[PDB]
């Protein structure tokens, strides 16, 4: 608590953040004095892209609920640890290299946590374990190479998970010591999962089996060359699947030992399918037979030289078919 009238600049030593508080409070100067009663009135700070280097002083804003600090220069967030009213936190595009042990332990009201576009390489044990109301977790565009399988446990309300643009490939190799990491266990409310741009070349069997609410799966821009045909088993609500920019070609060749892999079987609710840039030189005649709902099908930028007669005929809802930049007639 600020117990005596104190200049804003004395509480918030970062020039940019002092200006932020001044503006929020509609004070005329950062030399203007404030009381805790005025700081108590602050429940939102929206200060993305503001050249903030330090949020020191934010400890005196106990009632902050919405905190937007993307696009600043932060390297330390330990000043947030007692901000128990936080519901929404954007720390995207800062200079965070690590997260302090226990930093989010008390942020039990957080619904949305955006840590994208930082320099994170690992996550401490238990870092998210108290975030019972978290619906949205964005860790994209970091350098994250270690996760253990209890990172996301009891995030039962998680609906959106973005792990794109990291270095998770090692964890899903069948030969990973101790076994592959099944970090998507128990996420039964997850609807959107982005695992693009991670260098993945193997997909552990049943790795997605608990994701019964999943509607959108983005596995693009990986090195994926083996799918077996049960990857997407029971993911019946899947509507959007992006497998573009992978290495699936061999799985669709008639001479594949031992037949094409029919990895799209059963996807009767799928509306959007992107299979562009996979090197496909053939499309098996029956590979789309179950895709009753398909509306948009992107097969661009492959190596297709013909198409079996009738391959698209069961696709009665198809509106957009992109066959561009193949070697077709």
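Positions refer to the first chain, counted from 1.
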| field | Comparing 162-170 with 104-112, the one whose average Cα B-factor in the PDB entry is higher | value | 104-112
| query | As stated in the PDB record, which stretch has the larger average Cα B-factor, 281-289 or 38-46? | reply | 281-289
| Member of 142, 192, 222, 230 with the greatest C-alpha B factor (per the PDB record) | 230
| When the CA B-factors of 81, 245, 73, 205 are compared as recorded in the entry, which is the largest? | 205
| task | Among all modelled residues of this chain, ranked by Cα B factor, put residue 69 in the bottom, middle or top third, i.e. lowest, middle or highest. | result | lowest
| remark: residue 31: C-alpha B-factor third of its chain, per the entry, is the highest
| Third of chain Cα B-factors occupied by residue 123 | highest
| request: Among all modelled residues of this chain, ranked by Cα B factor, put residue 146 in the bottom, middle or top third, i.e. lowest, middle or highest. | output: highest
| request: Comparing against every modelled residue in the chain, figure out the third that the C-alpha B-factor of residue 155 lands in (lowest, middle or highest). | output: highest
